[PDB]
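# Secondary and tertiary structure notes
If you want the building blocks of each chain, they are given just below.
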Amino acid sequence: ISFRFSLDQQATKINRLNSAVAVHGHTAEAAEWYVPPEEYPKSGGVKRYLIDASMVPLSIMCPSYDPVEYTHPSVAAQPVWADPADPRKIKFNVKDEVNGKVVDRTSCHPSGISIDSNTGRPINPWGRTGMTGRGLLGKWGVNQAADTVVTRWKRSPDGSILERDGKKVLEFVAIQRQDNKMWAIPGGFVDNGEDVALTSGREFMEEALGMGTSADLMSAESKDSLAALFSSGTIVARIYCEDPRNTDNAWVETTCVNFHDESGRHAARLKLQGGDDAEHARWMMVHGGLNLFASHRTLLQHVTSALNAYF
Amino acid sequence: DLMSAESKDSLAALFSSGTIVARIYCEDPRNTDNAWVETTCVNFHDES
Amino acid sequence: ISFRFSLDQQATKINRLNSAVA
Amino acid sequence: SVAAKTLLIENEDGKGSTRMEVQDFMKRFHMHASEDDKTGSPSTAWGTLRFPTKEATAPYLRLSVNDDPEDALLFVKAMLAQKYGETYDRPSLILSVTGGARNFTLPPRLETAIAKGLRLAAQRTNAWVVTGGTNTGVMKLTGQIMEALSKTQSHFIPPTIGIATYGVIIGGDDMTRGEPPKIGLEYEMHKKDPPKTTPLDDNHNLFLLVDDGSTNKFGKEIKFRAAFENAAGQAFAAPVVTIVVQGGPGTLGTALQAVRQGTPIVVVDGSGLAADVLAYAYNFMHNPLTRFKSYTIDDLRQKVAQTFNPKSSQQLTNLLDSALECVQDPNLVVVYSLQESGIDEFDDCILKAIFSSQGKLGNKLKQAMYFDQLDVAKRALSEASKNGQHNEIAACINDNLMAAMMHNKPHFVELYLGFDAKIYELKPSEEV
Amino acid sequence: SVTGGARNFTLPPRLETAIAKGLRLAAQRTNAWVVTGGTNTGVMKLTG
Ligand SMILES: Nc1ncnc2c1ncn2[C@@H]1O[C@H](COP(=O)(O)O)[C@@H](O)[C@H]1O
Ligand SMILES: O=P(O)(O)OC[C@H]1O[C@@H](O)[C@H](O)[C@@H]1O
Ligand SMILES: [Mg+2]
Ligand SMILES: [Mg+2]
């Protein structure tokens, strides 16, 4: 019977009309637009200026817009990964060198980043968030993040790939975040003078594997296996992130790198153990009803779209 | 009788993917020389 | 089972990044 | 008969029992006269209840929410120690039965399978069955299952502990009034108590009435019940297995709580409602068979909507998210279904839940010996042998051979003797 | 010719029974000369 189903789904795998308006009536949900939560995370109760979801884009005027300027004490203490407080000497939309180290500074938005004339701060092209200043983010403008989606096919003991809705089912490594206790894709901000290649791999070993300061040293063949796994990665998306720490002058934009294990040999040798800024790490099933941190569901949608997997 | 809140969502999901397959003249017996019926055909296919 | 495997491998058969340096 | 004056309370060392006066020991349990009261007064409501057409009496203790579950555990141990002597059969399994509060009818084949498996598991492991204790639904059903066990077996009868909120129980005033203990107190389930309407199940062997001073409020005993099962599990070095039959929206949260703390669950498929929701969700996420390939999140959402009927879409989303969160780890959920497993496979599901839990290899081999599953023990030994755990095999082989000799399992005796266990190297459990 | 591990090793009972039964049957039917290392450890001790 399993083959009878398999053969049945093997044959079913301007002229477009949407008639849903006849059932519901007048539509116009406009739920696509992202509005961050009112209480800023880890700020001690500091609240933004609320904005309905139909008032977010920059084309609309909105004269009653009075955002609050807030910068976190950790960012204001000036570490190595934080930009200077006066952004007039910072050049945006091109690769900029600060202390001889390269920073990307280019946004994936087609219009680009517009510079305010009064203060020199960048303006978020993806809409209003009811808050100026940098907040918890260290860099003015685009904070480049790299996410690592290490995937394998969900298999049963017998070795057959699990199949739901006529498509093969994926499985990804998910970490439980230290700050807000929501499951998420491993990843982190791109450091100064380094590229997405080093960052994706380094953050996955530090967070999902605990290879920074929370696990014993790997064997000489396991490192070769992990290197073999990490040698074939495809950039599936470069999107804006529906991150609650985003402001009007500092926003997170992610590059997503998918490491897919077709055979499943390299993925099975991983000893998952939460480290750094992660509590627990596990192999989790990919589906459309997942409740993950920020816009990681969109990232998983892009991974399954590229691999023709179930979502 | 009125449909449930999940059946309306199911019907809306069904009606969201339609393809116009043909726009043809209709061999309708009520047709005349000064008034004729022409049809647009919309197919809603349920794969699952 | 041989066919179950055979059907399983019959369906699996600029955007390139090498992260082995990490 | 003659009221007890002294009890053998087990020491904190776990090696002996001391004799002490009943009024001295029972002082540590408190009760609340009203909701406003917080400190409370010492409990005068403890003793035994006599139920019509039942020969034996069931002990009852009314205890506060702030009371130590170890003290309640000591009370249950003291009752068993009093009735059956110091060397009573310790439980190797704690069976928590949760599910539907309201009354429900199950199919006869399914009911027969659940009854047969639960009776076999309870009689082989001397298990402590913890339910809600009231005479409705899954608690009444579990009582009916253990009623035949109390008739067909002599000497030790496995306890059916009922942990219930005191504020909903008919006859609470009758139990409270008097001088404790109440030896053979008549319980009148048909007596018209005005504010309360939920009676106790007459087939439960022991009752813990958790009191907080409230009246006609449910769900106040859940945390204490979970704490008591965990305390019993640590004390007897025994796995805790939750069993889910039907159930409402709170049963989903209870199962969620159980899987977050590492406690395995056995979900009875085909019993309807939340059990069907949990069984679908697991089968959607994990089961490789063909009939489960058409399972979708949309049909699951439709199933949740038709059974639990939420008021809002967000409530439906939270219930669906919680249901998918419970079956995330495939080891901690075991689904028993009639059309897949079989009529005589419920005890096998209980044994798979036991093996999936956290415990030592020797204890798991002992549990496999109790259920008379030689193939499971062979596979466990082979897997342990392959994974470099040979030291633990040699460390537990003597005790496993001893246990096999005591419980009359000759095939297991042959199996343990074949893996280089010298017959003249046996050691006693105690010190002479 | 029996070759293999010099150091001592424990085999599963079914596998040991199968090797023992087959080797005894082959040796008794063919009047075979069994050549091993001759020491009281491992595969030599097992063959003995
Ligand atoms: N541009 C950046 N914005 C914010 N945090 C950054 C940035 N670059 C590096 N980091 C570090 O990355 C860590 C990860 O964020 P968190 O999960 O909040 O600990 C932060 O605590 C910072 O120490
Ligand atoms: O730097 P941490 O806080 O560890 O993670 C940054 C996350 O913020 C999200 O937008 C990105 O998807 C990225 O995964
Ligand atoms: Mg980081
Ligand atoms: Mg991170």
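Residues numbered from 1 in each chain as written, not as in the entry; some residues may be left out. Chains lettered and ligands numbered in written order. Part of a larger assembly, values for the part shown. Heavy atoms only, no water. Residues with missing side-chain atoms left out of burial classes, pairs and counts.

As documented in the archive entry, the model was determined using cryo-EM at 1.97 Å resolution.

### Describing the overall build of chain B
The helix and strand tally for chain B stands at 1 helix and 2 strands. Of the regular secondary structure in chain B, the N- to C-terminal order runs α-β-β. Dimensions of chain B along its principal axes, counting C-alpha atoms only, are 45 × 25 × 15 Å. Taking contacts inside chain B between residues at least 6 apart in sequence as the whole, the part at least 24 apart equals 27%. (Helix = DSSP H or I, 4+ residues; strand = E, 2+ residues; numbered from the N terminus. Contact = heavy atoms within 4.5 Å.)

### Side note on the packing of helix α9 (residues 297-308) of chain D against helix α10 (residues 313-326) of chain D
All names here are of chain D. At their nearest, the axes of α9 and α10 sit 10 Å apart, and the two run at 115 degrees to each other. The two elements α9 and α10 meet at a crossing, and its hand is right-handed. On α10, the residues that touch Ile-297, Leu-300, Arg-301, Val-304, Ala-305 and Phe-308 of α9 are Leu-316, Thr-317, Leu-319, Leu-320 and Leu-324. Grouping the constituent residues of the contact of α9 with α10 by class yields 9 nonpolar, 1 polar and 1 charged. (Axes fitted to C-alpha atoms, helices over the stretch in contact; angles between N-to-C directions. Left-handed = near helix turned anticlockwise from the far one by under 90°. Nonpolar A, V, L, I, M, F, W, Y, C, P; charged D, E, K, R; others polar.)

### As for the interface of chain A and chain D
Listed as interface residues are 16 residues of chain A and, on the opposing side, 16 residues of chain D. With both sides pooled, the region where chain A packs onto chain D buries about 1,400 Å², and carbon together with sulfur makes up 53% of that total. Viewed at the interface, chain D and chain A are joined by 1 salt bridge. Applying the counting criterion to the chain A and chain D interface returns 7 residue pairs in polar contact. The element best represented in the side of chain A that touches chain D is strand β15 (residues 278-285) of chain A, accounting for 3 residues. Taken together, the residues of the side of chain A that touches chain D sort by class into 6 nonpolar, 5 polar and 5 charged. (Buried area = accessible area lost by both parts, 1.4 Å probe. Salt bridge = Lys/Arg side-chain N within 4 Å of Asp/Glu carboxyl O. Polar contact = N/O pair within 3.5 Å; in protein donor to acceptor, adjacent residues only side chain to side chain.)

### Looking at the sheet that holds strand β14 (residues 333-336) of chain D
All names here are of chain D. Taking strand neighbours across the sheet as the criterion, the 10 strands line up as β10-β5-β6-β11-β9-β8-β7-β12-β13-β14 in an open arrangement whose pairing is mixed. Either end of the sheet is taken by a strand with one partner, and the two such strands are β10 (182-186) and β14. Each neighbouring strand pair of the sheet contributes to a mean axis angle of 25 degrees, computed without reference to strand direction. As paired strands, strand β8 (residues 128-131) and strand β9 (residues 160-165) are joined by 3 bridges and run parallel to one another. (Pairing = 2+ DSSP bridges.)

### Focus on the site of ligand 2
All names here are of chain A. Surveying the vicinity of ligand 2 reveals the residues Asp-147, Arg-177, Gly-187, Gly-188, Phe-189, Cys-241, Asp-243, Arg-245, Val-252, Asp-277, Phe-293 and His-296. One of the side-chain nitrogen or oxygen atoms of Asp-147 is found 2.4 Å away from an oxygen atom of ligand 2. A distance of 2.8 Å separates an oxygen atom of ligand 2 from a polar atom in the side chain of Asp-277. Calculation on ligand 2 without its partners gives an accessible area of 370 Å², and the protein chains cover 93% of this total. (Near = heavy atom within 4 Å. Areas by Shrake-Rupley, 256 points an atom, 1.4 Å probe, with all protein chains shown as cover.)

### Section: a nonpolar patch on the surface
A cluster of nonpolar side chains, D:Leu417, D:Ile423 and D:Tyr424, forms an exposed patch at the surface whose accessible area comes to about 350 Å². In this structure, D:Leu417 sits in helix α15 (residues 410-418). (Patch = residues over 30% accessible without salt bridge, like charges linked within 9 Å, V, L, I, M, F, W, Y side chains within 5 Å.)

### Observations regarding the site of ligand 1
All names here are of chain A. In the vicinity of ligand 1, the contacting residues are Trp-81, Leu-136, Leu-137, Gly-138, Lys-139, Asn-143, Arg-177, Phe-189, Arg-245 and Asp-277. One of the backbone nitrogen or oxygen atoms of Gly-138 is found 3.1 Å away from a nitrogen atom of ligand 1. Here an oxygen atom of ligand 1 sits 3.5 Å away from a polar atom, N or O, in the side chain of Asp-277. In the complex, 67% of the free accessible area of ligand 1, which totals 480 Å², lies under the protein chains. For the shell around ligand 1, the residue count by class is 4 nonpolar, 2 polar and 4 charged.

### Side note on the packing of helix α12 (residues 361-370) of chain D against helix α14 (residues 390-406) of chain D
Residue and element names in this part refer to chain D. The interhelical angle for the contact between α12 and α14, taken along N-to-C directions, is 30 degrees, at an axis separation of 9 Å. Taken as axis vectors, α12 and α14 run roughly parallel relative to one another. You can see that α12 and α14 cross each other, and the crossing is right-handed. Along the contact surface, α12 presents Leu-361, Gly-362, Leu-365, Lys-366 and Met-369, while α14 presents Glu-392, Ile-393, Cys-396, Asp-399, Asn-400, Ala-403 and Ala-404. (Parallel < 35°, antiparallel > 145°, perpendicular 65-115°, else oblique.)

### What to know about helix α7 (residues 249-260) of chain D
Residues and elements named next belong to chain D. Counted at 1.5 Å a residue, the expected span for α7 with its 12 residues is 16 Å, and the 17 Å between its end C-alpha atoms agrees. Along α7, the residues that are buried comprise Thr-251, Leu-252, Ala-255, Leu-256, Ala-258 and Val-259. Burial along α7 is one-sided: seen end-on, the buried residues are contained in an arc of 160 degrees. In this structure, α7 carries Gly-250 and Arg-260 as exposed residues pointing more than 90 degrees from its buried face. Two residues or fewer past α7, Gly-262 is found with a positive phi of approximately 85 degrees. (Expected span 1.5 Å × (residues − 1). Buried < 20%, exposed > 50% of the residue type's maximum accessible area, 1.4 Å probe, protein only. Arc of directions from axis to C-beta.)

### Brief notes about the interface of chain C and chain A
Each partner contributes residues to the interface: chain C has 14 residues there, and chain A has 24 residues. Among the residues forming the side of chain C that touches chain A, the class breakdown is 6 nonpolar, 5 polar and 3 charged.

### Looking at the arrangement of the chains
Here 5 pairs of chains make contact, and the pair sharing the most contacts is chains A and C. Taking C-alpha atoms as the reference, chain B and chain C come no closer than 20 Å and do not contact one another. One thing to see here is that chain B and chain E don't touch, and their nearest C-alpha atoms sit 50 Å from each other.

### A few points about the coordination of the magnesium ion (ligand 4)
Residues and elements named next belong to chain A. Coordination of the magnesium ion (ligand 4) by the protein involves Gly-187 (O), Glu-207 (OE) and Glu-207 (OE), with metal-donor separations of 2.1 to 2.3 Å. A gap of 4.1 Å separates the magnesium ion (ligand 4) and the magnesium ion (ligand 3). Here the residue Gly-187 occupies a position in strand β12 (residues 187-189), and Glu-207 occupies one in helix α3 (residues 196-207), the gap between them amounting to 20 residues. For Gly-187, a relative accessible area of 16% puts it in the buried group. Judged by relative accessible area, which is 1%, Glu-207 ranks as buried. (Donors = N, O, S within 2.8 Å, 3.2 Å for Na, K, Ca; no water.)

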